[PDB]
Amino acid sequence: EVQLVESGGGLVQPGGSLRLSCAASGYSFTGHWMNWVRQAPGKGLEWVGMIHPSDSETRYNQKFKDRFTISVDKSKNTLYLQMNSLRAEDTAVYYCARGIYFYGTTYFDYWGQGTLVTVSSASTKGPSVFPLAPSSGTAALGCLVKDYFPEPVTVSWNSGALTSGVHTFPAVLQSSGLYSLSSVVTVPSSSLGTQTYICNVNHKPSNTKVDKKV
Amino acid sequence: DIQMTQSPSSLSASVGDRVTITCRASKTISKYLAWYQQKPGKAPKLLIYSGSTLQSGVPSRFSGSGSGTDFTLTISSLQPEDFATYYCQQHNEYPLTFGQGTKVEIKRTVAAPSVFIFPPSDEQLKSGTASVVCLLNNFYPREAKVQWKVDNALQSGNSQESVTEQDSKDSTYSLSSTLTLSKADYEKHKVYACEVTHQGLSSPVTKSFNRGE
């Protein structure tokens, strides 16, 4: 059965380059056109281009012709995307997808899981964690997980003892190129005298772990 | 190139509803339009191609119609597994081009946010930056307006927001807004206020603190 698996994604600096791979198994590789399709975070889909594994015939979306090269090694059942001179707008999940090119032009019947490419000039850095203190019958507290790179961080409360009413927000990319996120929880006002609240923050890319009492 | 215009951008519906999603092409694409369903963190799945042909395995509640420039995806009766993002894609010419998507979420009753404001910590102030946070908790619909005020001066350009996806238990959203000031600017002012506008509120709610209180 058709199986598509992308690899090669990750962090890259502006002006950098990357080669993505797509291993296509479980069917006759030389029988169908293969495609790259990219989707920026929050956004919809952009078709990069296509290649026929039999003879490496290509067709590109004009917008990608200068900087993107599609190739294939039919002996390895593998498709490639070489992406050059990268820029912030190239940040996206990149999918390989099998084309049906038969009714008119092409639609996509099988897709890979996608590989994320993130273009950034920031430097690896673990977060600083600051309390969001409950104000002097429901109260809110939280932690501010500020100035880290790359994503992700994880946040738990009271080592997982506290889960109800927790909201951990999507990270925001700041103008510095570092991320920030907040995690909050609503609790009984009565509890603030008696119950301890600690956020447990992990940032694996920097091997940073922080517990903050609120 | 063909530009695909998809509407609505967002729709809140209930299980059992008939859902109608439209795609308009900038010029004719004959009968060749495909539809995909996408769930968060997953790849798109093909539902329909050539306007109306279901991919084998796609449930019969999904249907497609249209030709030329005007097309529709219909879900005859919405099921729980159907809440998701849908995209159209023309396949009449190259380059291949997509609509910008329709996000289908769960309808519930209007709920006003509970609003909370948090001052910067003393520890952060030592770094030379002040972050002021405003929380809008468990509200519906998603649309809401946060205005920061510093000593009653309306702030612009120095805040960022993010929003959770619909809560799995109560179908509400939460939102945090963060106002970022230098320590010097922070210490030049007394009253910090977060003013919230929302459908559930008959007039804007303001939460405030005084620096040092």
# chains A, B, ... in the order shown; residues from 1 in each chain; ligands from 1
$ closest_atom_pairs --of "chain A" --to "chain B" --cutoff "8 Å" --atoms "only C-alpha atoms" --output "CSV"
residue,atom,partner,partner_atom,distance
A:43,CA,B:100,CA,7.0
A:44,CA,B:100,CA,5.0
A:45,CA,B:98,CA,6.0
A:46,CA,B:97,CA,6.7
A:47,CA,B:96,CA,6.0
A:60,CA,B:95,CA,7.7
A:61,CA,B:95,CA,5.4
A:62,CA,B:95,CA,7.8
A:95,CA,B:43,CA,7.8
A:103,CA,B:50,CA,7.0
A:104,CA,B:92,CA,4.9
A:105,CA,B:91,CA,4.9
A:106,CA,B:91,CA,5.3
A:107,CA,B:91,CA,6.2
A:108,CA,B:46,CA,6.9
A:109,CA,B:46,CA,5.9
A:110,CA,B:45,CA,7.6
A:111,CA,B:43,CA,6.4
A:112,CA,B:43,CA,6.9
A:113,CA,B:43,CA,5.7
A:114,CA,B:43,CA,6.8
A:130,CA,B:121,CA,6.4
A:131,CA,B:121,CA,6.4
A:132,CA,B:118,CA,5.8
A:133,CA,B:118,CA,6.6
A:134,CA,B:118,CA,7.6
A:135,CA,B:118,CA,7.6
A:140,CA,B:116,CA,6.9
A:167,CA,B:174,CA,7.3
A:168,CA,B:164,CA,7.6
A:169,CA,B:164,CA,5.7
A:170,CA,B:162,CA,6.0
A:171,CA,B:162,CA,7.4
A:172,CA,B:162,CA,6.8
A:182,CA,B:176,CA,7.6
$ residues_around --residues "residue 77 (chain A)" --least-positions-apart "2" --cutoff "12 Å" --atoms "only C-alpha atoms" --output "number ranges by chain"
A: 2-5, 21-32, 34, 52-54, 71-75, 79-80
$ write_last_selection --atoms "N, CA and C atoms" --output "CSV table (one decimal), in the first residue's frame"
chain,number,residue,atom,x,y,z
A,2,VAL,N,0.4,2.3,-0.6
A,2,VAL,CA,1.1,3.6,-0.7
A,2,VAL,C,1.5,4.1,0.7
A,3,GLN,N,2.8,4.3,0.9
A,3,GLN,CA,3.4,4.9,2.1
A,3,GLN,C,4.4,6.0,1.6
A,4,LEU,N,4.2,7.2,2.2
A,4,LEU,CA,5.1,8.4,1.9
A,4,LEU,C,5.6,9.0,3.2
A,5,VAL,N,6.9,9.1,3.3
A,5,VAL,CA,7.6,9.6,4.5
A,5,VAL,C,8.6,10.7,4.2
A,21,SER,N,13.9,14.9,1.8
A,21,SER,CA,13.7,13.6,1.1
A,21,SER,C,12.3,13.1,1.4
A,22,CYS,N,11.8,12.3,0.4
A,22,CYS,CA,10.5,11.7,0.5
A,22,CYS,C,10.6,10.2,0.0
A,23,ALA,N,10.6,9.3,1.0
A,23,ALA,CA,10.6,7.9,0.7
A,23,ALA,C,9.2,7.3,0.3
A,24,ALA,N,9.1,6.9,-0.9
A,24,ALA,CA,7.8,6.4,-1.4
A,24,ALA,C,7.8,4.9,-1.5
A,25,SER,N,7.0,4.2,-0.7
A,25,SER,CA,7.0,2.7,-0.8
A,25,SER,C,5.6,2.2,-1.0
A,26,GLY,N,5.5,0.9,-1.3
A,26,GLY,CA,4.3,0.1,-1.3
A,26,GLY,C,3.4,0.1,-2.6
A,27,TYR,N,4.0,0.6,-3.7
A,27,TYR,CA,3.4,0.7,-5.0
A,27,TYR,C,4.5,1.0,-6.0
A,28,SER,N,4.1,1.0,-7.3
A,28,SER,CA,5.1,1.2,-8.4
A,28,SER,C,5.5,2.7,-8.5
A,29,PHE,N,6.7,3.0,-8.0
A,29,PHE,CA,7.2,4.4,-7.9
A,29,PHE,C,7.2,5.1,-9.3
A,30,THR,N,7.6,4.4,-10.3
A,30,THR,CA,7.7,5.0,-11.7
A,30,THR,C,6.4,5.2,-12.4
A,31,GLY,N,5.3,4.8,-11.7
A,31,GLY,CA,4.0,4.9,-12.4
A,31,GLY,C,3.2,6.1,-12.2
A,32,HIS,N,3.6,7.0,-11.2
A,32,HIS,CA,2.8,8.2,-10.9
A,32,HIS,C,3.8,9.4,-10.7
A,34,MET,N,5.1,12.6,-8.8
A,34,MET,CA,5.2,13.0,-7.4
A,34,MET,C,5.3,14.5,-7.3
A,52,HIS,N,8.2,13.3,-12.7
A,52,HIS,CA,7.9,11.9,-13.0
A,52,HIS,C,9.1,11.0,-12.8
A,53,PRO,N,9.0,10.1,-11.8
A,53,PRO,CA,10.2,9.3,-11.5
A,53,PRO,C,10.8,8.4,-12.6
A,54,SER,N,10.0,8.1,-13.6
A,54,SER,CA,10.4,7.3,-14.8
A,54,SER,C,11.6,7.9,-15.5
A,71,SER,N,14.2,16.6,-7.7
A,71,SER,CA,14.9,15.5,-8.3
A,71,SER,C,14.4,14.2,-7.7
A,72,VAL,N,14.8,13.1,-8.3
A,72,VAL,CA,14.4,11.8,-8.0
A,72,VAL,C,15.5,10.8,-8.2
A,73,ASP,N,15.5,9.8,-7.3
A,73,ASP,CA,16.4,8.6,-7.5
A,73,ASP,C,15.5,7.4,-7.6
A,74,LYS,N,15.0,7.0,-8.8
A,74,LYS,CA,14.0,6.0,-8.9
A,74,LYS,C,14.5,4.6,-8.4
A,75,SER,N,15.8,4.4,-8.3
A,75,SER,CA,16.4,3.2,-7.8
A,75,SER,C,16.2,3.0,-6.3
A,79,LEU,N,12.2,10.8,-3.6
A,79,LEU,CA,12.0,12.1,-4.3
A,79,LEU,C,12.7,13.1,-3.4
A,80,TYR,N,13.3,14.2,-4.0
A,80,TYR,CA,14.0,15.2,-3.3
A,80,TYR,C,13.5,16.6,-3.6
$ select_by_dssp --residues "region 26-158 of chain A" --states "strand (DSSP E or B)" --output "PDB file with C-alpha atoms, in the first residue's frame"
ATOM      1  CA  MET A  34       5.236  12.990  -7.405  1.00  0.00           C
ATOM      2  CA  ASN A  35       4.639  16.440  -5.931  1.00  0.00           C
ATOM      3  CA  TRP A  36       5.871  18.857  -3.275  1.00  0.00           C
ATOM      4  CA  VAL A  37       3.202  21.000  -1.550  1.00  0.00           C
ATOM      5  CA  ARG A  38       3.992  23.480   1.232  1.00  0.00           C
ATOM      6  CA  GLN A  39       1.769  25.051   3.884  1.00  0.00           C
ATOM      7  CA  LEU A  45      -1.532  25.194   0.535  1.00  0.00           C
ATOM      8  CA  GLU A  46       1.021  26.125  -2.130  1.00  0.00           C
ATOM      9  CA  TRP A  47       2.065  23.744  -4.899  1.00  0.00           C
ATOM     10  CA  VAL A  48       5.856  23.721  -5.422  1.00  0.00           C
ATOM     11  CA  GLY A  49       6.197  21.399  -8.419  1.00  0.00           C
ATOM     12  CA  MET A  50       6.181  17.856  -9.732  1.00  0.00           C
ATOM     13  CA  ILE A  51       8.441  15.176 -11.189  1.00  0.00           C
ATOM     14  CA  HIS A  52       7.877  11.897 -13.010  1.00  0.00           C
ATOM     15  CA  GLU A  57      10.595  15.130 -16.278  1.00  0.00           C
ATOM     16  CA  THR A  58       9.680  18.154 -14.134  1.00  0.00           C
ATOM     17  CA  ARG A  59       7.132  20.953 -13.992  1.00  0.00           C
ATOM     18  CA  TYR A  60       7.507  23.825 -11.566  1.00  0.00           C
ATOM     19  CA  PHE A  68      13.811  25.128  -5.637  1.00  0.00           C
ATOM     20  CA  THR A  69      15.057  22.012  -7.451  1.00  0.00           C
ATOM     21  CA  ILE A  70      13.071  18.756  -7.557  1.00  0.00           C
ATOM     22  CA  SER A  71      14.864  15.508  -8.302  1.00  0.00           C
ATOM     23  CA  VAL A  72      14.378  11.771  -7.984  1.00  0.00           C
ATOM     24  CA  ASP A  73      16.389   8.584  -7.545  1.00  0.00           C
ATOM     25  CA  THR A  78      13.033   8.549  -3.275  1.00  0.00           C
ATOM     26  CA  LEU A  79      12.002  12.111  -4.254  1.00  0.00           C
ATOM     27  CA  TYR A  80      14.025  15.207  -3.255  1.00  0.00           C
ATOM     28  CA  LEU A  81      13.474  18.944  -2.811  1.00  0.00           C
ATOM     29  CA  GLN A  82      16.571  21.158  -2.786  1.00  0.00           C
ATOM     30  CA  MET A  83      15.587  24.562  -1.366  1.00  0.00           C
ATOM     31  CA  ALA A  92       6.234  25.860   6.345  1.00  0.00           C
ATOM     32  CA  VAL A  93       5.369  22.194   6.629  1.00  0.00           C
ATOM     33  CA  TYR A  94       6.548  20.565   3.390  1.00  0.00           C
ATOM     34  CA  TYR A  95       4.511  17.618   2.089  1.00  0.00           C
ATOM     35  CA  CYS A  96       5.335  15.129  -0.580  1.00  0.00           C
ATOM     36  CA  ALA A  97       2.201  13.925  -2.327  1.00  0.00           C
ATOM     37  CA  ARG A  98       1.390  11.475  -5.089  1.00  0.00           C
ATOM     38  CA  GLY A  99      -0.339  13.057  -8.071  1.00  0.00           C
ATOM     39  CA  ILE A 100      -3.233  11.758 -10.094  1.00  0.00           C
ATOM     40  CA  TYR A 101      -2.573  13.461 -13.436  1.00  0.00           C
ATOM     41  CA  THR A 106      -3.249  17.033 -11.018  1.00  0.00           C
ATOM     42  CA  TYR A 107      -4.858  16.329  -7.645  1.00  0.00           C
ATOM     43  CA  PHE A 108      -3.240  14.567  -4.689  1.00  0.00           C
ATOM     44  CA  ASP A 109      -4.429  11.149  -3.522  1.00  0.00           C
ATOM     45  CA  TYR A 110      -1.717  10.233  -0.989  1.00  0.00           C
ATOM     46  CA  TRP A 111       0.285  12.526   1.288  1.00  0.00           C
ATOM     47  CA  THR A 115       8.305  17.862   7.548  1.00  0.00           C
ATOM     48  CA  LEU A 116       8.631  21.287   9.185  1.00  0.00           C
ATOM     49  CA  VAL A 117      11.170  23.829   7.945  1.00  0.00           C
ATOM     50  CA  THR A 118      11.721  26.878  10.172  1.00  0.00           C
ATOM     51  CA  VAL A 119      13.798  29.804   8.883  1.00  0.00           C
ATOM     52  CA  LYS A 125      18.241  29.631  24.305  1.00  0.00           C
ATOM     53  CA  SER A 128      13.192  32.645  31.713  1.00  0.00           C
ATOM     54  CA  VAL A 129      10.073  31.798  33.706  1.00  0.00           C
ATOM     55  CA  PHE A 130       8.112  34.483  35.559  1.00  0.00           C
ATOM     56  CA  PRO A 131       5.061  34.194  37.827  1.00  0.00           C
ATOM     57  CA  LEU A 132       1.669  35.523  36.842  1.00  0.00           C
ATOM     58  CA  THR A 138     -12.487  32.230  41.104  1.00  0.00           C
ATOM     59  CA  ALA A 139      -8.894  33.430  40.754  1.00  0.00           C
ATOM     60  CA  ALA A 140      -6.372  33.167  37.919  1.00  0.00           C
ATOM     61  CA  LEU A 141      -2.652  32.492  38.084  1.00  0.00           C
ATOM     62  CA  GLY A 142      -0.043  31.286  35.604  1.00  0.00           C
ATOM     63  CA  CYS A 143       3.549  31.432  34.410  1.00  0.00           C
ATOM     64  CA  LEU A 144       5.177  33.499  31.670  1.00  0.00           C
ATOM     65  CA  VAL A 145       7.693  31.415  29.720  1.00  0.00           C
ATOM     66  CA  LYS A 146       9.730  34.096  28.010  1.00  0.00           C
ATOM     67  CA  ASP A 147      12.596  34.324  25.504  1.00  0.00           C
ATOM     68  CA  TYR A 148      13.356  30.800  24.262  1.00  0.00           C
ATOM     69  CA  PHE A 149      14.338  29.230  20.939  1.00  0.00           C
ATOM     70  CA  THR A 154       6.124  22.008  27.760  1.00  0.00           C
ATOM     71  CA  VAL A 155       4.275  23.252  30.849  1.00  0.00           C
ATOM     72  CA  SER A 156       2.645  21.250  33.638  1.00  0.00           C
ATOM     73  CA  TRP A 157       1.187  22.356  36.961  1.00  0.00           C
TER      74      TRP A 157
END
$ atom_distance --atom1 "CA of residue 84 (chain A)" --atom2 "CA of residue 67 (chain A)"
5.1 Å
$ residues_around --residues "residue 81 (chain B)" --least-positions-apart "6" --cutoff "12 Å" --atoms "only C-alpha atoms" --output "MDAnalysis selection string"
chainID B and resid 14:16 37:39 59 75 104:106
$ closest_residue --among "B:136, B:196, B:125, B:110" --to "residue 182 (chain B)" --atoms "only C-alpha atoms"
B:125
$ residues_around --residues "residue 192 (chain B)" --least-positions-apart "3" --cutoff "9 Å" --atoms "only C-alpha atoms" --output "number ranges by chain"
B: 117, 119, 132, 148-152, 189, 207-211
$ write_last_selection --atoms "C-alpha atoms" --output "short mmCIF file (atom, residue, chain, number, x, y, z; two decimals), in the first residue's frame"
data_model
loop_
_atom_site.label_atom_id
_atom_site.label_comp_id
_atom_site.auth_asym_id
_atom_site.auth_seq_id
_atom_site.Cartn_x
_atom_site.Cartn_y
_atom_site.Cartn_z
CA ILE B 117 -4.71 41.32 34.46
CA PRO B 119 1.59 42.90 36.47
CA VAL B 132 1.96 42.90 31.33
CA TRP B 148 -4.34 48.14 26.29
CA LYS B 149 -4.33 51.47 28.13
CA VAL B 150 -1.40 53.01 29.98
CA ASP B 151 -2.53 55.90 32.17
CA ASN B 152 -5.56 56.04 29.80
CA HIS B 189 3.39 55.25 34.31
CA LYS B 207 -9.33 45.20 34.51
CA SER B 208 -6.53 47.36 35.89
CA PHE B 209 -3.76 47.62 38.45
CA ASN B 210 -1.59 50.42 39.82
CA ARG B 211 2.16 49.91 39.44
#
$ residues_around --residues "residue 158 (chain A)" --least-positions-apart "5" --cutoff "9 Å" --atoms "only C-alpha atoms" --output "ChimeraX atom specification"
/A:163,196-200
$ write_last_selection --atoms "C-alpha atoms" --output "PDB file, in the first residue's frame"
ATOM      1  CA  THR A 163      -4.974  19.805  35.008  1.00  0.00           C
ATOM      2  CA  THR A 196       0.819  25.695  46.570  1.00  0.00           C
ATOM      3  CA  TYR A 197       1.038  26.356  42.825  1.00  0.00           C
ATOM      4  CA  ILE A 198       4.155  25.520  40.819  1.00  0.00           C
ATOM      5  CA  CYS A 199       4.596  25.493  37.044  1.00  0.00           C
ATOM      6  CA  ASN A 200       6.985  22.907  35.610  1.00  0.00           C
TER       7      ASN A 200
END
$ closest_residue --among "B:156, B:171, B:26, B:52" --to "residue 67 (chain B)" --atoms "only C-alpha atoms"
B:52
$ decode --residues "region 157-193 of chain B" --atoms "N, CA and C atoms" --output "PDB file, in the first residue's frame"
ATOM      1  N   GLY B 157       0.717  48.643  18.722  1.00  0.00           N
ATOM      2  CA  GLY B 157       1.952  48.082  18.165  1.00  0.00           C
ATOM      3  C   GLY B 157       2.880  47.376  19.142  1.00  0.00           C
ATOM      4  N   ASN B 158       2.587  47.481  20.437  1.00  0.00           N
ATOM      5  CA  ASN B 158       3.439  46.889  21.471  1.00  0.00           C
ATOM      6  C   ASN B 158       2.776  45.735  22.234  1.00  0.00           C
ATOM      7  N   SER B 159       1.836  45.057  21.583  1.00  0.00           N
ATOM      8  CA  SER B 159       1.191  43.879  22.170  1.00  0.00           C
ATOM      9  C   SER B 159       1.069  42.728  21.180  1.00  0.00           C
ATOM     10  N   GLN B 160       1.014  41.514  21.714  1.00  0.00           N
ATOM     11  CA  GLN B 160       0.794  40.317  20.911  1.00  0.00           C
ATOM     12  C   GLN B 160      -0.208  39.421  21.621  1.00  0.00           C
ATOM     13  N   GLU B 161      -1.027  38.728  20.828  1.00  0.00           N
ATOM     14  CA  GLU B 161      -2.063  37.811  21.314  1.00  0.00           C
ATOM     15  C   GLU B 161      -1.801  36.398  20.861  1.00  0.00           C
ATOM     16  N   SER B 162      -2.291  35.432  21.635  1.00  0.00           N
ATOM     17  CA  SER B 162      -2.587  34.117  21.074  1.00  0.00           C
ATOM     18  C   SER B 162      -3.830  33.524  21.719  1.00  0.00           C
ATOM     19  N   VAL B 163      -4.405  32.556  21.018  1.00  0.00           N
ATOM     20  CA  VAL B 163      -5.720  32.010  21.321  1.00  0.00           C
ATOM     21  C   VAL B 163      -5.630  30.492  21.312  1.00  0.00           C
ATOM     22  N   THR B 164      -6.272  29.852  22.283  1.00  0.00           N
ATOM     23  CA  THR B 164      -6.384  28.405  22.276  1.00  0.00           C
ATOM     24  C   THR B 164      -7.417  27.960  21.231  1.00  0.00           C
ATOM     25  N   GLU B 165      -7.301  26.703  20.809  1.00  0.00           N
ATOM     26  CA  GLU B 165      -8.345  26.033  20.043  1.00  0.00           C
ATOM     27  C   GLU B 165      -9.517  25.721  20.968  1.00  0.00           C
ATOM     28  N   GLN B 166     -10.687  25.441  20.394  1.00  0.00           N
ATOM     29  CA  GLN B 166     -11.881  25.148  21.193  1.00  0.00           C
ATOM     30  C   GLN B 166     -11.643  24.103  22.275  1.00  0.00           C
ATOM     31  N   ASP B 167     -12.020  24.431  23.508  1.00  0.00           N
ATOM     32  CA  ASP B 167     -11.869  23.497  24.620  1.00  0.00           C
ATOM     33  C   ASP B 167     -12.673  22.223  24.358  1.00  0.00           C
ATOM     34  N   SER B 168     -12.053  21.076  24.633  1.00  0.00           N
ATOM     35  CA  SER B 168     -12.655  19.780  24.326  1.00  0.00           C
ATOM     36  C   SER B 168     -13.910  19.499  25.155  1.00  0.00           C
ATOM     37  N   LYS B 169     -14.020  20.150  26.314  1.00  0.00           N
ATOM     38  CA  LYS B 169     -15.127  19.908  27.237  1.00  0.00           C
ATOM     39  C   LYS B 169     -16.258  20.926  27.094  1.00  0.00           C
ATOM     40  N   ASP B 170     -15.915  22.209  26.977  1.00  0.00           N
ATOM     41  CA  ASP B 170     -16.943  23.256  26.932  1.00  0.00           C
ATOM     42  C   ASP B 170     -17.010  24.087  25.628  1.00  0.00           C
ATOM     43  N   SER B 171     -16.184  23.740  24.637  1.00  0.00           N
ATOM     44  CA  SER B 171     -16.187  24.408  23.317  1.00  0.00           C
ATOM     45  C   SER B 171     -15.896  25.921  23.335  1.00  0.00           C
ATOM     46  N   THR B 172     -15.324  26.417  24.430  1.00  0.00           N
ATOM     47  CA  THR B 172     -14.927  27.831  24.508  1.00  0.00           C
ATOM     48  C   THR B 172     -13.483  28.070  24.048  1.00  0.00           C
ATOM     49  N   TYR B 173     -13.119  29.349  23.945  1.00  0.00           N
ATOM     50  CA  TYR B 173     -11.762  29.776  23.635  1.00  0.00           C
ATOM     51  C   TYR B 173     -11.204  30.549  24.820  1.00  0.00           C
ATOM     52  N   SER B 174      -9.880  30.569  24.930  1.00  0.00           N
ATOM     53  CA  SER B 174      -9.209  31.501  25.814  1.00  0.00           C
ATOM     54  C   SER B 174      -8.143  32.253  25.020  1.00  0.00           C
ATOM     55  N   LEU B 175      -7.809  33.442  25.499  1.00  0.00           N
ATOM     56  CA  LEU B 175      -6.909  34.336  24.797  1.00  0.00           C
ATOM     57  C   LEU B 175      -6.024  35.048  25.811  1.00  0.00           C
ATOM     58  N   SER B 176      -4.738  35.159  25.500  1.00  0.00           N
ATOM     59  CA  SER B 176      -3.872  36.024  26.286  1.00  0.00           C
ATOM     60  C   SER B 176      -3.266  37.099  25.397  1.00  0.00           C
ATOM     61  N   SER B 177      -3.209  38.310  25.936  1.00  0.00           N
ATOM     62  CA  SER B 177      -2.560  39.434  25.282  1.00  0.00           C
ATOM     63  C   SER B 177      -1.438  39.891  26.194  1.00  0.00           C
ATOM     64  N   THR B 178      -0.278  40.161  25.602  1.00  0.00           N
ATOM     65  CA  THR B 178       0.886  40.589  26.363  1.00  0.00           C
ATOM     66  C   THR B 178       1.385  41.927  25.850  1.00  0.00           C
ATOM     67  N   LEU B 179       1.435  42.901  26.756  1.00  0.00           N
ATOM     68  CA  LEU B 179       1.979  44.228  26.480  1.00  0.00           C
ATOM     69  C   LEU B 179       3.432  44.269  26.941  1.00  0.00           C
ATOM     70  N   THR B 180       4.328  44.615  26.024  1.00  0.00           N
ATOM     71  CA  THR B 180       5.762  44.642  26.322  1.00  0.00           C
ATOM     72  C   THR B 180       6.273  46.078  26.367  1.00  0.00           C
ATOM     73  N   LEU B 181       6.824  46.463  27.522  1.00  0.00           N
ATOM     74  CA  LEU B 181       7.462  47.767  27.717  1.00  0.00           C
ATOM     75  C   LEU B 181       8.877  47.608  28.246  1.00  0.00           C
ATOM     76  N   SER B 182       9.721  48.588  27.943  1.00  0.00           N
ATOM     77  CA  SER B 182      11.007  48.721  28.609  1.00  0.00           C
ATOM     78  C   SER B 182      10.733  49.010  30.077  1.00  0.00           C
ATOM     79  N   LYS B 183      11.680  48.668  30.944  1.00  0.00           N
ATOM     80  CA  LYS B 183      11.563  48.990  32.366  1.00  0.00           C
ATOM     81  C   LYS B 183      11.371  50.497  32.580  1.00  0.00           C
ATOM     82  N   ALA B 184      12.122  51.315  31.835  1.00  0.00           N
ATOM     83  CA  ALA B 184      12.024  52.778  31.954  1.00  0.00           C
ATOM     84  C   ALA B 184      10.617  53.292  31.634  1.00  0.00           C
ATOM     85  N   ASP B 185      10.054  52.835  30.521  1.00  0.00           N
ATOM     86  CA  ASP B 185       8.696  53.217  30.134  1.00  0.00           C
ATOM     87  C   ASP B 185       7.676  52.720  31.145  1.00  0.00           C
ATOM     88  N   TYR B 186       7.854  51.486  31.607  1.00  0.00           N
ATOM     89  CA  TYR B 186       6.953  50.919  32.605  1.00  0.00           C
ATOM     90  C   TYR B 186       6.911  51.782  33.869  1.00  0.00           C
ATOM     91  N   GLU B 187       8.087  52.209  34.324  1.00  0.00           N
ATOM     92  CA  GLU B 187       8.204  52.995  35.553  1.00  0.00           C
ATOM     93  C   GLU B 187       7.799  54.474  35.399  1.00  0.00           C
ATOM     94  N   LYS B 188       7.547  54.912  34.164  1.00  0.00           N
ATOM     95  CA  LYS B 188       7.049  56.271  33.891  1.00  0.00           C
ATOM     96  C   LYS B 188       5.530  56.389  34.037  1.00  0.00           C
ATOM     97  N   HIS B 189       4.858  55.271  34.299  1.00  0.00           N
ATOM     98  CA  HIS B 189       3.391  55.253  34.312  1.00  0.00           C
ATOM     99  C   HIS B 189       2.791  54.499  35.500  1.00  0.00           C
ATOM    100  N   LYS B 190       1.561  54.864  35.876  1.00  0.00           N
ATOM    101  CA  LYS B 190       0.906  54.276  37.047  1.00  0.00           C
ATOM    102  C   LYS B 190      -0.146  53.206  36.733  1.00  0.00           C
ATOM    103  N   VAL B 191      -1.146  53.567  35.930  1.00  0.00           N
ATOM    104  CA  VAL B 191      -2.309  52.702  35.725  1.00  0.00           C
ATOM    105  C   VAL B 191      -2.208  51.873  34.442  1.00  0.00           C
ATOM    106  N   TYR B 192      -2.282  50.559  34.616  1.00  0.00           N
ATOM    107  CA  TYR B 192      -2.235  49.619  33.507  1.00  0.00           C
ATOM    108  C   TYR B 192      -3.566  48.909  33.416  1.00  0.00           C
ATOM    109  N   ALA B 193      -4.202  49.014  32.253  1.00  0.00           N
ATOM    110  CA  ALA B 193      -5.557  48.511  32.079  1.00  0.00           C
ATOM    111  C   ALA B 193      -5.710  47.727  30.789  1.00  0.00           C
TER     112      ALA B 193
END
